[PDB]
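Peer 1: Here it is, the structure, as structure tokens.
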Amino acid sequence: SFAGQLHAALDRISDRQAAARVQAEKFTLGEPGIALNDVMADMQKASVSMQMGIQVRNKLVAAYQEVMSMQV
Amino acid sequence: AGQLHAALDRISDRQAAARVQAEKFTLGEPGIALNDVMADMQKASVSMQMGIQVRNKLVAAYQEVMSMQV
Amino acid sequence: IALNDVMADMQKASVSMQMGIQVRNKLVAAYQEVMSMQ
Amino acid sequence: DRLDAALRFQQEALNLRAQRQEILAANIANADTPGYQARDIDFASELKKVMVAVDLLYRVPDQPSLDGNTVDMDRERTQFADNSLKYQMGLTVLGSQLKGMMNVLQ
Amino acid sequence: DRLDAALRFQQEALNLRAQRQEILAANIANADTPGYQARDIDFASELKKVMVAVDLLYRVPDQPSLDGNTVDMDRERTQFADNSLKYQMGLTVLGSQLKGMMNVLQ
Amino acid sequence: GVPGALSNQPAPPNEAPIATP
Amino acid sequence: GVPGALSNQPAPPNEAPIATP
Amino acid sequence: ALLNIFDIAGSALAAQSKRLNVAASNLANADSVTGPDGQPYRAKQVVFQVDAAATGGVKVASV
Amino acid sequence: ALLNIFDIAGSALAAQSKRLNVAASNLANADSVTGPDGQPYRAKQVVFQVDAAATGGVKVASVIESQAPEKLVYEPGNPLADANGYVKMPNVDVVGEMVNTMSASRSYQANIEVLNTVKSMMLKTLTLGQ
Amino acid sequence: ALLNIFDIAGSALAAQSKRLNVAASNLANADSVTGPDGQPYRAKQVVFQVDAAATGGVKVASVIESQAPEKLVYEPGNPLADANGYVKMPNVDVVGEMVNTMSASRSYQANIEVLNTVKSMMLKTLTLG
């Protein structure tokens, strides 16, 4: 179970980003009950998650290239 | 070579203690003078920066030593 | 102990590691060339 | 075009914030013109219509005035401050989204 | 998960500080209405319960008044300043923690 | 409606009669 | 108890009788 | 939950301005013998209310 | 805690406001008579105490009635007149109340200045947490 | 190691905070009388010592009552009046307390600036490489 786990990770990241986006969209239209500090914190958490994901992607692709560029 | 493990555990304990003190101060009970918490926060940040720099230096050294060509 | 001292020690270790690795790689490359040539 | 729409939501929000700011500035400048009617727009419904050529509504007066001027001061000043803050919030949200999109390509 | 748990306490403290600020603003704006009782919340108990709507309770009156109002301006101002400063401190702590979490990825 | 809200048609003119006819 | 603390119940309404009942 | 502060403060400002206007009108017409129709002038004053949709800003009910 | 400064200043402000209110009430009732149930009006003062938590804020335990003798004025036409035809006018020291109001105002301004300075210092404190 | 500056500045900040708190309490209770159990309030001062462990930061040894003469007010019409009808008033100098407050604020700001400067220098040392 590798591709399934990777797709689950991507699903979680995209879901968090979508939640942040919809919360910001709900706030900017004037719906009560949404806090500016709350939406800012959620957006920052989403950005941190995306940065972690891209770091993992870079590490994995670098390892793949290093391990498959060698000559047997 | 568990000394790096011990050092990272110690710095993690330090920053966790700083976080606990900050939480205790935000709880609204008098035990903190708003100066000790900030000083501990700064010290924890500096220690964590030192740890990540050590990690970067060590992984670079490992990459170089693995890049040898016998 | 001092932060400047530990940083200088790390720099010294890195430089020495680079020197040793480069010398060893040059020597082994020369030996491999000698072995390859008849 | 997917990028176009994804940034377009916030871009249109910012544009409508700018328009509302301009109208608030206009009714601040003309605050002492007799026979003037306070004007404003409904941000939520206007944004909904634009997402799915701008109409403006007359602000409800609060106190009578003989010279025919109905533009209050305190209510519209609070509106000006709120609009400026929300414009800055939209600006920083758009900037964060753009920077997050950009740094992936590094 | 772990990321949300690392920041849940600070985020909830920020939210409760904002709510208490709103309560203080309301009961300082109603300073002239007779028959209006001062309101506030028990911050420590609220934070502990939320980390484990919003409960609010009346304030003990300071001096009697014929109209019925029971809000003291100096006390409200001191509470307002304290809550504002603590909110600022919580924001700073959250920002520093997020900056460190971001920095650990390089 | 409530003062400070928004409405479709403008306010009526305001007059100050010195003496009602 | 001490003024400025937190209470769960409102104080009784205030009155200023000009003459005792 | 922080954008309602502007609404509360604006309501308070408007209510205080209305009260000040009423006081100024009373001071100006302290010695008005008659009005337009003929009835003598009578002092006026506002009646506040709690503008809760729970507590919120202050709101003037009527005069 | 570096935050009990606000509590100390707030307690000082509340105490000064209480004392000023008592002085104003006495000035209003300087020449009153026959309060509720007929008992003569008597002036009141306040007593300041410190909260030994060392150093602490100020509190007012209770308002204490003055023991200075009331003024006895001969006027038999008043039903309050006793067998000697005397009415009991309250004891109010106008100069004392003026001085008390002046002192309360000065203390209030000093405390508000201290609060301003400490608030500036505390706002500047947080800049090192980043 | 440049790290002990944090300890030194933290001690300095604690000492200045305690001095400011004592001065503020004195200003608040300048007019106070009849403290708990009947003893009149007495003005308090702090003492600064060096926390040598050569040279080092400043700590507060204890708090001591000032030995300035204690004021008296002639008011027989008060239950606290002594045999001569004197109520005891604390010896608090408002100008002295205000000057102490201002000096403490300035020193606190200077020390936090020192802390920020040392933090910046240490971060630079970290990013030397």
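Quick note on naming: the chains in the structure tokens go A, B, ... in the order shown, residues restart at 1 in each chain, and ligands are numbered from 1 in order of appearance.
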Give the superposed chain D as a short mmCIF file (atom, residue, chain, number, x, y, z; two decimals) with N, CA, C and O atoms, in the first residue's frame, the fit being least squares on chain E over all ordered C-alpha pairs.
Peer 2:
data_model
loop_
_atom_site.label_atom_id
_atom_site.label_comp_id
_atom_site.auth_asym_id
_atom_site.auth_seq_id
_atom_site.Cartn_x
_atom_site.Cartn_y
_atom_site.Cartn_z
N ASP D 1 -2.79 15.77 12.53
CA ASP D 1 -3.67 16.20 13.60
C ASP D 1 -2.86 16.62 14.82
O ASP D 1 -3.34 17.39 15.67
N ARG D 2 -1.63 16.11 14.92
CA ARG D 2 -0.74 16.55 16.00
C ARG D 2 -0.45 18.04 15.88
O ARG D 2 -0.51 18.78 16.87
N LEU D 3 -0.17 18.50 14.66
CA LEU D 3 -0.04 19.93 14.42
C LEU D 3 -1.33 20.65 14.76
O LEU D 3 -1.32 21.74 15.36
N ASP D 4 -2.47 20.05 14.40
CA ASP D 4 -3.76 20.64 14.70
C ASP D 4 -3.90 20.94 16.18
O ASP D 4 -4.21 22.06 16.57
N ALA D 5 -3.63 19.94 17.04
CA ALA D 5 -3.79 20.15 18.48
C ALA D 5 -2.73 21.11 19.03
O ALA D 5 -3.05 21.98 19.86
N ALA D 6 -1.48 20.95 18.59
CA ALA D 6 -0.40 21.76 19.13
C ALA D 6 -0.64 23.24 18.87
O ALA D 6 -0.38 24.07 19.75
N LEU D 7 -1.12 23.59 17.69
CA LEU D 7 -1.53 24.96 17.46
C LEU D 7 -2.93 25.25 17.99
O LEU D 7 -3.27 26.42 18.18
N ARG D 8 -3.72 24.21 18.26
CA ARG D 8 -5.10 24.40 18.67
C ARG D 8 -5.18 24.99 20.06
O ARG D 8 -6.08 25.78 20.36
N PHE D 9 -4.25 24.61 20.94
CA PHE D 9 -4.28 25.21 22.28
C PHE D 9 -4.23 26.73 22.20
O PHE D 9 -5.10 27.44 22.72
N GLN D 10 -3.22 27.26 21.49
CA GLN D 10 -3.09 28.70 21.37
C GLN D 10 -4.20 29.31 20.53
O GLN D 10 -4.63 30.43 20.80
N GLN D 11 -4.67 28.59 19.51
CA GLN D 11 -5.75 29.11 18.68
C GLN D 11 -7.02 29.31 19.49
O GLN D 11 -7.69 30.34 19.37
N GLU D 12 -7.36 28.34 20.34
CA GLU D 12 -8.51 28.49 21.23
C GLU D 12 -8.29 29.57 22.28
O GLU D 12 -9.24 30.29 22.61
N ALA D 13 -7.07 29.70 22.80
CA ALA D 13 -6.80 30.82 23.71
C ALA D 13 -7.07 32.15 23.03
O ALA D 13 -7.71 33.05 23.60
N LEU D 14 -6.60 32.29 21.79
CA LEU D 14 -6.81 33.53 21.04
C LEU D 14 -8.29 33.76 20.76
O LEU D 14 -8.78 34.89 20.85
N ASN D 15 -9.02 32.69 20.42
CA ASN D 15 -10.45 32.82 20.14
C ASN D 15 -11.21 33.30 21.37
O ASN D 15 -12.07 34.18 21.29
N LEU D 16 -10.90 32.72 22.54
CA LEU D 16 -11.56 33.17 23.76
C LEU D 16 -11.17 34.59 24.12
O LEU D 16 -12.01 35.35 24.63
N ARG D 17 -9.92 34.98 23.87
CA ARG D 17 -9.54 36.37 24.08
C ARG D 17 -10.36 37.30 23.20
O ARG D 17 -10.80 38.36 23.64
N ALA D 18 -10.58 36.91 21.94
CA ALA D 18 -11.40 37.72 21.04
C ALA D 18 -12.83 37.83 21.54
O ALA D 18 -13.43 38.91 21.49
N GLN D 19 -13.40 36.72 22.02
CA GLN D 19 -14.77 36.77 22.53
C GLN D 19 -14.87 37.69 23.74
O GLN D 19 -15.81 38.48 23.86
N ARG D 20 -13.90 37.59 24.66
CA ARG D 20 -13.93 38.45 25.84
C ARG D 20 -13.76 39.91 25.45
O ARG D 20 -14.39 40.80 26.03
N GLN D 21 -12.92 40.18 24.44
CA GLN D 21 -12.78 41.54 23.94
C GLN D 21 -14.10 42.05 23.38
O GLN D 21 -14.47 43.21 23.59
N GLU D 22 -14.82 41.20 22.65
CA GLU D 22 -16.11 41.61 22.10
C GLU D 22 -17.10 41.95 23.21
O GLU D 22 -17.83 42.94 23.12
N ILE D 23 -17.14 41.13 24.26
CA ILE D 23 -18.07 41.40 25.36
C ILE D 23 -17.69 42.69 26.07
O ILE D 23 -18.57 43.49 26.45
N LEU D 24 -16.40 42.92 26.27
CA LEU D 24 -15.96 44.17 26.90
C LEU D 24 -16.35 45.37 26.04
O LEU D 24 -16.80 46.40 26.57
N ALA D 25 -16.19 45.26 24.72
CA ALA D 25 -16.60 46.35 23.84
C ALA D 25 -18.10 46.58 23.93
O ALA D 25 -18.56 47.72 23.91
N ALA D 26 -18.88 45.50 24.02
CA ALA D 26 -20.33 45.65 24.12
C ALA D 26 -20.73 46.39 25.39
O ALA D 26 -21.57 47.29 25.35
N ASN D 27 -20.14 46.02 26.52
CA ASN D 27 -20.50 46.70 27.76
C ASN D 27 -19.85 48.07 27.90
O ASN D 27 -20.25 48.84 28.78
N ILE D 28 -18.86 48.39 27.07
CA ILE D 28 -18.44 49.78 26.95
C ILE D 28 -19.45 50.59 26.15
O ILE D 28 -19.82 51.70 26.53
N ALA D 29 -19.91 50.04 25.03
CA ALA D 29 -20.86 50.76 24.18
C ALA D 29 -22.17 51.01 24.91
O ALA D 29 -22.74 52.10 24.82
N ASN D 30 -22.66 50.02 25.66
CA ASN D 30 -23.91 50.16 26.40
C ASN D 30 -23.69 50.69 27.81
O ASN D 30 -24.49 50.39 28.71
N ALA D 31 -22.63 51.47 28.03
CA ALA D 31 -22.29 51.91 29.38
C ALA D 31 -23.30 52.88 29.97
O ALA D 31 -23.28 53.09 31.19
N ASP D 32 -24.16 53.48 29.16
CA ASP D 32 -25.12 54.46 29.65
C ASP D 32 -26.57 54.01 29.46
O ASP D 32 -27.49 54.83 29.54
N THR D 33 -26.79 52.73 29.20
CA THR D 33 -28.14 52.22 29.05
C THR D 33 -28.71 51.87 30.42
O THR D 33 -28.16 51.00 31.10
N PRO D 34 -29.79 52.51 30.86
CA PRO D 34 -30.37 52.15 32.15
C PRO D 34 -30.96 50.75 32.14
O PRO D 34 -31.45 50.27 31.11
N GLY D 35 -30.91 50.10 33.29
CA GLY D 35 -31.38 48.73 33.38
C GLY D 35 -30.47 47.72 32.74
O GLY D 35 -30.93 46.65 32.35
N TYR D 36 -29.18 48.03 32.60
CA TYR D 36 -28.22 47.13 31.99
C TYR D 36 -27.41 46.41 33.06
O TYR D 36 -27.13 46.98 34.12
N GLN D 37 -27.04 45.17 32.77
CA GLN D 37 -26.25 44.35 33.68
C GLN D 37 -24.90 44.05 33.03
O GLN D 37 -24.85 43.56 31.90
N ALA D 38 -23.82 44.34 33.76
CA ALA D 38 -22.49 44.07 33.24
C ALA D 38 -22.27 42.57 33.09
O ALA D 38 -22.61 41.79 33.97
N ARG D 39 -21.68 42.18 31.96
CA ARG D 39 -21.46 40.78 31.64
C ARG D 39 -19.98 40.52 31.41
O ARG D 39 -19.26 41.38 30.89
N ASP D 40 -19.54 39.33 31.79
CA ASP D 40 -18.15 38.92 31.59
C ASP D 40 -18.09 37.40 31.68
O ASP D 40 -19.06 36.74 32.08
N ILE D 41 -16.94 36.84 31.31
CA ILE D 41 -16.72 35.40 31.33
C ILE D 41 -15.43 35.11 32.10
O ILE D 41 -14.57 35.97 32.26
N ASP D 42 -15.33 33.87 32.58
CA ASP D 42 -14.15 33.41 33.32
C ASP D 42 -13.22 32.72 32.34
O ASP D 42 -13.49 31.60 31.90
N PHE D 43 -12.10 33.38 32.03
CA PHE D 43 -11.24 32.93 30.94
C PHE D 43 -10.63 31.56 31.23
O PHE D 43 -10.62 30.68 30.36
N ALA D 44 -10.13 31.36 32.45
CA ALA D 44 -9.41 30.13 32.75
C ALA D 44 -10.33 28.92 32.67
O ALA D 44 -10.03 27.94 31.97
N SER D 45 -11.46 28.97 33.37
CA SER D 45 -12.38 27.84 33.35
C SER D 45 -12.98 27.64 31.97
O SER D 45 -13.19 26.50 31.54
N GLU D 46 -13.27 28.73 31.25
CA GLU D 46 -13.80 28.59 29.91
C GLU D 46 -12.80 27.89 28.99
O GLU D 46 -13.17 27.00 28.22
N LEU D 47 -11.52 28.26 29.08
CA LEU D 47 -10.50 27.62 28.27
C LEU D 47 -10.36 26.15 28.64
O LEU D 47 -10.19 25.30 27.76
N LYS D 48 -10.41 25.84 29.93
CA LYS D 48 -10.33 24.44 30.35
C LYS D 48 -11.48 23.63 29.77
O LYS D 48 -11.28 22.53 29.24
N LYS D 49 -12.70 24.17 29.84
CA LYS D 49 -13.85 23.47 29.31
C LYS D 49 -13.73 23.28 27.80
O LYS D 49 -14.05 22.20 27.28
N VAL D 50 -13.29 24.31 27.08
CA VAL D 50 -13.18 24.20 25.63
C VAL D 50 -12.12 23.17 25.25
O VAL D 50 -12.33 22.37 24.33
N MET D 51 -10.98 23.18 25.94
CA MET D 51 -9.95 22.19 25.65
C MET D 51 -10.43 20.77 25.93
O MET D 51 -10.18 19.86 25.14
N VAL D 52 -11.13 20.58 27.04
CA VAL D 52 -11.65 19.26 27.37
C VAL D 52 -12.94 19.00 26.60
O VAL D 52 -12.94 18.95 25.37
N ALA D 53 -22.10 28.15 22.85
CA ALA D 53 -21.56 27.15 23.77
C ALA D 53 -20.69 27.82 24.82
O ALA D 53 -19.90 27.15 25.50
N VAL D 54 -20.83 29.13 24.96
CA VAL D 54 -20.09 29.92 25.93
C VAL D 54 -21.08 30.55 26.90
O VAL D 54 -22.06 31.17 26.48
N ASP D 55 -20.83 30.37 28.19
CA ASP D 55 -21.67 30.95 29.24
C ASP D 55 -20.99 32.19 29.81
O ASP D 55 -19.76 32.25 29.91
N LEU D 56 -21.80 33.17 30.19
CA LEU D 56 -21.31 34.45 30.67
C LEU D 56 -21.91 34.74 32.04
O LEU D 56 -23.02 34.31 32.35
N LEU D 57 -21.15 35.46 32.86
CA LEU D 57 -21.52 35.74 34.24
C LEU D 57 -21.75 37.23 34.42
O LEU D 57 -21.23 38.06 33.67
N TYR D 58 -22.53 37.58 35.44
CA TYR D 58 -22.81 38.97 35.75
C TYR D 58 -21.70 39.53 36.63
O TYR D 58 -21.38 38.95 37.67
N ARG D 59 -21.11 40.64 36.22
CA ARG D 59 -20.06 41.27 37.01
C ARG D 59 -20.64 41.81 38.32
O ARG D 59 -21.74 42.36 38.35
N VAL D 60 -19.89 41.64 39.40
CA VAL D 60 -20.33 42.13 40.71
C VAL D 60 -20.31 43.66 40.71
O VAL D 60 -19.26 44.26 40.41
N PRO D 61 -21.41 44.32 41.03
CA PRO D 61 -21.40 45.78 41.08
C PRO D 61 -20.56 46.29 42.24
O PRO D 61 -20.33 45.60 43.23
N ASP D 62 -20.08 47.52 42.09
CA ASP D 62 -19.28 48.18 43.11
C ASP D 62 -19.99 49.34 43.79
O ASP D 62 -19.84 49.53 44.99
N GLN D 63 -20.77 50.12 43.05
CA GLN D 63 -21.51 51.24 43.61
C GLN D 63 -22.95 51.21 43.12
O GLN D 63 -23.22 50.80 41.99
N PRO D 64 -23.89 51.64 43.95
CA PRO D 64 -25.28 51.72 43.51
C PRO D 64 -25.49 52.83 42.49
O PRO D 64 -24.75 53.81 42.43
N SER D 65 -26.53 52.65 41.67
CA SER D 65 -26.93 53.65 40.69
C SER D 65 -28.44 53.57 40.51
O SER D 65 -28.98 52.48 40.29
N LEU D 66 -29.11 54.72 40.59
CA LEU D 66 -30.57 54.72 40.56
C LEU D 66 -31.11 54.23 39.22
O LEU D 66 -32.10 53.49 39.17
N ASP D 67 -30.47 54.62 38.13
CA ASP D 67 -30.99 54.21 36.82
C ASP D 67 -30.77 52.74 36.52
O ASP D 67 -31.01 52.33 35.38
N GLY D 68 -30.31 51.93 37.48
CA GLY D 68 -30.22 50.50 37.25
C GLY D 68 -29.06 50.06 36.39
O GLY D 68 -29.07 48.94 35.88
N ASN D 69 -28.06 50.92 36.22
CA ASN D 69 -26.88 50.59 35.44
C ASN D 69 -25.76 50.18 36.38
O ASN D 69 -25.39 50.95 37.28
N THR D 70 -25.22 48.99 36.19
CA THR D 70 -24.20 48.46 37.07
C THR D 70 -22.83 48.33 36.41
O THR D 70 -21.87 47.96 37.09
N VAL D 71 -22.72 48.61 35.12
CA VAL D 71 -21.44 48.47 34.43
C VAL D 71 -20.56 49.65 34.85
O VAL D 71 -20.82 50.80 34.50
N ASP D 72 -19.51 49.36 35.62
CA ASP D 72 -18.55 50.38 35.99
C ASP D 72 -17.75 50.80 34.76
O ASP D 72 -17.94 50.30 33.65
N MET D 73 -16.85 51.76 34.96
CA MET D 73 -15.99 52.23 33.88
C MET D 73 -14.52 51.89 34.10
O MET D 73 -13.89 51.33 33.20
N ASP D 74 -13.97 52.21 35.26
CA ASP D 74 -12.53 52.05 35.47
C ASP D 74 -12.13 50.58 35.47
O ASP D 74 -11.13 50.20 34.84
N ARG D 75 -12.89 49.74 36.18
CA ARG D 75 -12.54 48.33 36.26
C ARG D 75 -12.58 47.68 34.89
O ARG D 75 -11.66 46.96 34.49
N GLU D 76 -13.64 47.95 34.12
CA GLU D 76 -13.73 47.36 32.79
C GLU D 76 -12.74 47.97 31.81
O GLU D 76 -12.34 47.28 30.87
N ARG D 77 -12.33 49.22 31.99
CA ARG D 77 -11.28 49.77 31.14
C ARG D 77 -9.95 49.08 31.39
O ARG D 77 -9.22 48.75 30.45
N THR D 78 -9.61 48.86 32.67
CA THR D 78 -8.41 48.10 32.97
C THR D 78 -8.51 46.69 32.42
O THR D 78 -7.53 46.14 31.90
N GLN D 79 -9.70 46.08 32.51
CA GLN D 79 -9.89 44.76 31.92
C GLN D 79 -9.69 44.78 30.42
O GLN D 79 -9.10 43.86 29.85
N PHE D 80 -10.18 45.83 29.75
CA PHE D 80 -10.01 45.95 28.31
C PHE D 80 -8.53 46.03 27.95
O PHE D 80 -8.07 45.35 27.02
N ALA D 81 -7.78 46.86 28.67
CA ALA D 81 -6.35 46.99 28.38
C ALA D 81 -5.63 45.67 28.61
O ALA D 81 -4.81 45.25 27.78
N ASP D 82 -5.93 44.99 29.72
CA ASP D 82 -5.29 43.72 30.01
C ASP D 82 -5.62 42.68 28.95
O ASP D 82 -4.74 41.93 28.51
N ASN D 83 -6.88 42.63 28.52
CA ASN D 83 -7.27 41.66 27.51
C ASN D 83 -6.59 41.94 26.18
O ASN D 83 -6.18 41.01 25.49
N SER D 84 -6.48 43.21 25.81
CA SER D 84 -5.79 43.55 24.57
C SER D 84 -4.33 43.13 24.62
O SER D 84 -3.80 42.55 23.67
N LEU D 85 -3.67 43.41 25.75
CA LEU D 85 -2.26 43.03 25.88
C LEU D 85 -2.09 41.52 25.82
O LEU D 85 -1.18 41.01 25.16
N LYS D 86 -2.97 40.77 26.50
CA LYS D 86 -2.84 39.32 26.47
C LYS D 86 -3.19 38.75 25.10
O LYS D 86 -2.60 37.74 24.69
N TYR D 87 -4.12 39.37 24.38
CA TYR D 87 -4.40 38.94 23.02
C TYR D 87 -3.18 39.13 22.13
O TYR D 87 -2.83 38.25 21.33
N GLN D 88 -2.50 40.27 22.27
CA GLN D 88 -1.29 40.50 21.48
C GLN D 88 -0.20 39.50 21.87
O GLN D 88 0.54 39.01 21.00
N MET D 89 -0.08 39.19 23.16
CA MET D 89 0.91 38.22 23.61
C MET D 89 0.63 36.84 23.02
O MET D 89 1.54 36.16 22.54
N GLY D 90 -0.63 36.42 23.04
CA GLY D 90 -0.99 35.15 22.43
C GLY D 90 -0.72 35.14 20.94
O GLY D 90 -0.24 34.15 20.38
N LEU D 91 -1.02 36.26 20.27
CA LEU D 91 -0.78 36.36 18.84
C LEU D 91 0.70 36.19 18.52
O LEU D 91 1.07 35.45 17.61
N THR D 92 1.57 36.88 19.28
CA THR D 92 2.99 36.78 18.97
C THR D 92 3.56 35.42 19.35
O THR D 92 4.46 34.93 18.67
N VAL D 93 3.03 34.78 20.40
CA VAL D 93 3.48 33.43 20.73
C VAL D 93 3.11 32.46 19.62
O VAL D 93 3.93 31.63 19.19
N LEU D 94 1.87 32.55 19.13
CA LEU D 94 1.45 31.68 18.04
C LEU D 94 2.28 31.94 16.79
O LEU D 94 2.67 30.99 16.09
N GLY D 95 2.55 33.21 16.48
CA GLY D 95 3.37 33.52 15.32
C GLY D 95 4.78 32.98 15.44
O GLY D 95 5.33 32.45 14.47
N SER D 96 5.38 33.10 16.62
CA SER D 96 6.72 32.57 16.83
C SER D 96 6.73 31.05 16.68
O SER D 96 7.64 30.49 16.05
N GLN D 97 5.73 30.37 17.23
CA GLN D 97 5.67 28.92 17.10
C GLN D 97 5.51 28.50 15.65
O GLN D 97 6.17 27.57 15.18
N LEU D 98 4.63 29.19 14.91
CA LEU D 98 4.43 28.86 13.50
C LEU D 98 5.69 29.11 12.68
O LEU D 98 6.05 28.29 11.83
N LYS D 99 6.37 30.23 12.93
CA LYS D 99 7.60 30.52 12.19
C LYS D 99 8.70 29.52 12.52
O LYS D 99 9.46 29.12 11.64
N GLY D 100 8.80 29.11 13.79
CA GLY D 100 9.77 28.09 14.15
C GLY D 100 9.47 26.76 13.49
O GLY D 100 10.38 26.04 13.07
N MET D 101 8.19 26.40 13.39
CA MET D 101 7.82 25.19 12.67
C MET D 101 8.16 25.31 11.19
O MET D 101 8.62 24.34 10.57
N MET D 102 7.93 26.48 10.60
CA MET D 102 8.13 26.66 9.17
C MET D 102 9.61 26.61 8.80
O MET D 102 10.00 25.92 7.85
N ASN D 103 10.45 27.34 9.54
CA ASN D 103 11.84 27.49 9.13
C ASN D 103 12.62 26.18 9.19
O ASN D 103 13.69 26.08 8.58
N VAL D 104 12.11 25.18 9.92
CA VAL D 104 12.75 23.87 9.92
C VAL D 104 12.68 23.24 8.54
O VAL D 104 13.62 22.56 8.11
N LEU D 105 11.60 23.48 7.81
CA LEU D 105 11.42 22.91 6.48
C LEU D 105 12.18 23.66 5.40
O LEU D 105 11.88 23.49 4.21
N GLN D 106 13.15 24.49 5.76
CA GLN D 106 13.94 25.22 4.78
C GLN D 106 15.34 24.63 4.66
O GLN D 106 16.13 25.07 3.82
#
Peer 1: Give as a ChimeraX atom specification every residue of chain H that touches chain E within 8 Å, counting only C-alpha atoms.
Peer 2: /H:1-2,4-5,8-9,12,48-50,55-58
Peer 1: Going by DSSP on the backbone, which bits of chain I are strand (DSSP E)? Write them as a PyMOL selection string, please.
Peer 2: chain I and resi 44-50+58-65+71-74+86-89
Peer 1: Can you write just those residues out, N, CA, C and O atoms, as a compact mmCIF listing (two decimals), in the first residue's frame?
Peer 2:
# COMPACT_ATOMS: atom_id res chain seq x y z
N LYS I 44 -20.37 60.85 56.14
CA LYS I 44 -19.63 59.60 56.11
C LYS I 44 -18.26 59.83 55.50
O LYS I 44 -18.05 60.75 54.71
N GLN I 45 -17.31 58.98 55.89
CA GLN I 45 -15.96 58.98 55.35
C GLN I 45 -15.59 57.55 54.96
O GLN I 45 -16.31 56.59 55.27
N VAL I 46 -14.45 57.41 54.29
CA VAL I 46 -13.95 56.12 53.86
C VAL I 46 -12.56 55.92 54.43
O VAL I 46 -11.81 56.87 54.69
N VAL I 47 -12.20 54.65 54.63
CA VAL I 47 -10.92 54.27 55.20
C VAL I 47 -10.19 53.41 54.18
O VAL I 47 -10.72 52.40 53.71
N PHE I 48 -8.97 53.82 53.83
CA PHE I 48 -8.15 53.08 52.89
C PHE I 48 -7.31 52.05 53.63
O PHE I 48 -6.81 52.32 54.73
N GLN I 49 -7.16 50.87 53.04
CA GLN I 49 -6.31 49.83 53.59
C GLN I 49 -5.54 49.18 52.46
O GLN I 49 -5.93 49.26 51.29
N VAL I 50 -4.43 48.54 52.80
CA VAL I 50 -3.59 47.88 51.80
C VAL I 50 -3.85 46.39 51.86
O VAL I 50 -4.17 45.83 52.92
N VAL I 58 -4.87 49.04 47.08
CA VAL I 58 -5.65 49.71 48.11
C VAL I 58 -7.11 49.30 47.97
O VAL I 58 -7.61 49.08 46.86
N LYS I 59 -7.78 49.17 49.11
CA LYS I 59 -9.19 48.82 49.16
C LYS I 59 -9.87 49.68 50.22
O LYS I 59 -9.21 50.29 51.07
N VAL I 60 -11.19 49.73 50.15
CA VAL I 60 -12.01 50.42 51.14
C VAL I 60 -12.92 49.38 51.77
O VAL I 60 -13.81 48.84 51.11
N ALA I 61 -12.70 49.11 53.06
CA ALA I 61 -13.46 48.05 53.73
C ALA I 61 -14.93 48.42 53.87
O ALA I 61 -15.81 47.65 53.48
N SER I 62 -15.21 49.61 54.40
CA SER I 62 -16.58 50.05 54.61
C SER I 62 -16.59 51.55 54.84
O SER I 62 -15.58 52.15 55.19
N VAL I 63 -17.77 52.15 54.64
CA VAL I 63 -17.96 53.57 54.88
C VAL I 63 -18.34 53.77 56.35
O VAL I 63 -19.22 53.08 56.87
N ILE I 64 -17.66 54.70 57.01
CA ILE I 64 -17.82 54.91 58.45
C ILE I 64 -18.47 56.27 58.67
O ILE I 64 -18.03 57.28 58.11
N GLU I 65 -19.51 56.29 59.49
CA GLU I 65 -20.20 57.53 59.82
C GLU I 65 -19.34 58.40 60.71
O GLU I 65 -18.56 57.90 61.53
N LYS I 71 -25.02 69.57 64.39
CA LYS I 71 -25.36 70.93 64.78
C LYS I 71 -26.78 70.94 65.33
O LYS I 71 -27.70 70.41 64.71
N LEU I 72 -26.96 71.52 66.51
CA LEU I 72 -28.28 71.63 67.13
C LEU I 72 -28.79 73.05 66.94
O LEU I 72 -28.22 73.99 67.50
N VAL I 73 -29.84 73.20 66.15
CA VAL I 73 -30.38 74.51 65.80
C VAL I 73 -31.76 74.65 66.42
O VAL I 73 -32.62 73.77 66.25
N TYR I 74 -31.98 75.74 67.15
CA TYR I 74 -33.24 75.98 67.83
C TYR I 74 -34.30 76.37 66.80
O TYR I 74 -34.20 77.44 66.18
N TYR I 86 -35.02 71.61 69.39
CA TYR I 86 -33.79 71.60 68.60
C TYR I 86 -33.91 70.61 67.45
O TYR I 86 -34.49 69.54 67.59
N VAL I 87 -33.34 70.99 66.31
CA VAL I 87 -33.25 70.13 65.14
C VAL I 87 -31.79 69.81 64.89
O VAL I 87 -30.90 70.61 65.19
N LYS I 88 -31.54 68.62 64.35
CA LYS I 88 -30.19 68.10 64.16
C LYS I 88 -29.80 68.27 62.70
O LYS I 88 -30.23 67.49 61.83
N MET I 89 -29.00 69.29 62.42
CA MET I 89 -28.40 69.54 61.12
C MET I 89 -27.10 68.75 60.97
O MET I 89 -26.35 68.59 61.94
Peer 1: Mind giving me the straight-line distance from atom CA of residue I:1 to atom CA of residue I:105 in Å, one decimal?
Peer 2: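 We find that atom CA of residue I:1 and atom CA of residue I:105 lie 28.4 Å from each other.
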Peer 1: Got a sec to tell me which of chain B DSSP assigns to alpha helix (DSSP H), as a ChimeraX atom specification?
Peer 2: /B:3-26,36-66
